[PDB]
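In the block that follows, a single chain appears as structure tokens, in the form deposited in one PDB entry.
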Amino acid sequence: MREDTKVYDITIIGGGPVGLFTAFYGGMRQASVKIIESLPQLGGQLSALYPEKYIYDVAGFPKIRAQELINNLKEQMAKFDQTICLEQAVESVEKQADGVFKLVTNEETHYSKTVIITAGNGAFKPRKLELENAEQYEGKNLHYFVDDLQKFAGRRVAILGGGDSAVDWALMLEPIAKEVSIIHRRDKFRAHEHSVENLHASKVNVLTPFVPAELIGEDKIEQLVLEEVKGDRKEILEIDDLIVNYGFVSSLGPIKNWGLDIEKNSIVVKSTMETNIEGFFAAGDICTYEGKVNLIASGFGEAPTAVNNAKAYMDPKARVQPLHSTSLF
């Protein structure tokens, strides 16, 4: 456990589109801002679940690719300073006797005058490989996320999964790795058909329909045993790295342990976006109220409402209504 003893003005739980616009608006109100995000990337549902898809109902965009929207939000907030804490899932939020919120994650303890939760459906986490010794290889050569293609250069790689992630990494690693194998439990992939076309055309070693049976290696993974689906025949791969792309899981989890008024897996908010805990606000898919719709455009309206009311809560001399952006820059 580490501890950040800077009391931020606004600490945002979740770096999806709504959290990103919340962060931007915090900057507009000259507030110190921290984003805490479970994944090693920002972008929430858009980046994790449909980065390639075109969205048609965000105000002002006849169409926009989901990842492009996320990148635009990142560009928007780039004019201001934010502290971004990735690979941290908030487990505890408590308002201390002095009024300051203490937030504790799996890695670090944080402090804030206000908290704005923009957590969607809860903390995104990778689906884990359900093998007894799999955890022991985490932080060695068992990978759930890929942050650097070049670290596989000249190495033998096995990839588990049949989705766009597994297929994309396989094709991205083909020209870099010494050897790439992809293992999927079905002859049919989930990945986009054009990507699958490219996969079968490539020199990637496709193994279907197989599931991973065991990991052999005293310290580092050395061999991967596979078993055929609807067939009694084992396969053994000599590998240097194992990449697991079994998709994402989310749950509110400990979000339900903080004394919040929660209905139907959503945090209930007043029209100010404030929860039942003073100084604790919510916006986006995580929040609810009579008439709430889970949309990006709805979240993008809730974000500035939360920020501007948070600012007025912190500074009794500050007005809820912000100045015109057209003159501020």
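The first residue of the sequence shown is number 1, and the count goes up from there. What we label the rigid core is the largest C-alpha set whose atoms superpose within 1.5 Å from one form to the other.
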36 to 44 versus 256 to 264 - greater average Cα B-factor per the deposited record: 256 to 264
Could you check the entry and say whether 48 to 56 or 284 to 292 has the higher mean CA B-factor? 48 to 56
Which of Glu87, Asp81, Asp147, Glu94 ranks first by CA B-factor in the deposited coordinates: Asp147
Criterion, highest CA B-factor; candidates, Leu131, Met77, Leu103, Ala170: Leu131
Ranked against its chain, the third holding the CA B-factor of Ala166: middle
Record-listed C-alpha B factor of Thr118: chain third: lowest
By the entry's values, the third containing the CA B factor of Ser195 is the highest
Among the modelled residues of its chain, does the C-alpha B-factor of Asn245 lie in the lowest, middle or highest third? middle
Cα B factor band for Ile159 (lowest, middle or highest third within the chain): middle
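This protein has a second form, the form deposited in another entry, left out of what is shown; the following refers to that one.
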Only one of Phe124, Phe189, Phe101, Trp258 passes the 2 Å C-alpha shift threshold between the shown form and the other one with the rigid core fixed, namely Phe189
